[PDB]
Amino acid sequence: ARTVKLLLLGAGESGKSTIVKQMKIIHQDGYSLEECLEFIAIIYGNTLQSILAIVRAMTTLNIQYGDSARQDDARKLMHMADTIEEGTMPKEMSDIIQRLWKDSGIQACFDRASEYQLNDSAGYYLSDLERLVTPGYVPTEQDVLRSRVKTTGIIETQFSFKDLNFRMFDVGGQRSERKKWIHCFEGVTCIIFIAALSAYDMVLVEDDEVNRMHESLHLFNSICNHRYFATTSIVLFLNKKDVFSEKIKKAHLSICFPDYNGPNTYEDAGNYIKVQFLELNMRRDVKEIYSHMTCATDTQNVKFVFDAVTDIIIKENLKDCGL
């Protein structure tokens, strides 16, 4: 059996750990009931942190509530957040959150997410708070998949697929978590580099003066043209195609790429983004980098993109297991 050392790289929140959860579902035993119950505290914490961030932005963005009474809910919320048991969601809390989300000022702020820092799954959980809070709540896979926890260490996933024994490694992509990346570059059969399509109008959590996609582009440049990776198969997942789809129709790609020309559309601007990343490949002549529009939260999609990825691994047979 061939051993494939695979590295998931990309900037913060690009979707690397969600691809890991997918491998568990698609290629391992999937989630047990008890594991699912472990995500409730995460889901509840994510719901709380996402609403607090929209409330908080009400001020910084100078946005009034569609009903000044919601201001009462906001404070109370802020107070409960420092008093509730971490990861919990009492009825008193979700009632307040349910009213705030139903407020049009809040909805105006939510829509201006790009202007501040808000979880990807904010709308996903808030819009469905009622269910998440229905007594007897045990998460679904999409709920678990929508989950968010910044990766601070290194995580390995091993599974057998098409007779290759994968050794997949997950790591945080935020600036401070990149420092350790170097110790992992030894003997890499393949890298799936992940970039969020929807990050073209966002700013870094690390430096609000740095666009997320330029950073991603720089990192890609450093990884793509890296010594160790001479052989190494490199694939680009242009991720969060679903969000890019909704986003493209409203925000100008020019905000990221001042020189960008065409119809601010999905097929067209998505391709432009593919090029800006692939142009970076100083070895485009000799190498050819396989990219694809992906939705990491979409099981069947990841299942089909990975099967193609691994068919590459199998094809362009090369280097494997490091050390």
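When you see a residue number, it is the position in the sequence shown, counting from 1.
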Compare the mean C-alpha B-factor of 256-264 with that of 46-54 as given in the PDB entry, and name the stretch with the higher value.
-> 256-264
Pick between 145-153 and 210-218: the one whose mean CA B-factor in the entry is higher.
-> 210-218
From the entry's CA B-factor values, the highest among 232, 160, 117, 104 is 232
Per the PDB entry, which option out of 77, 122, 195, 129 has the greatest Cα B factor?
-> 77
So, residue 19's CA B-factor, relative to its chain, sits in which third? The lowest
Among modelled residues of the same chain, the CA temperature factor third for residue 11 = lowest
Residue 38 by Cα B-factor - lowest, middle or highest third of the modelled chain | lowest
Consider only the C-alpha atoms of the modelled residues in this chain, order them by B-factor as the entry records it, and name the third containing residue 279: lowest, middle or highest.
-> highest
Taking the values exactly as deposited, rank residue 286 by C-alpha B-factor within its chain and report the matching third: lowest, middle or highest.
-> highest
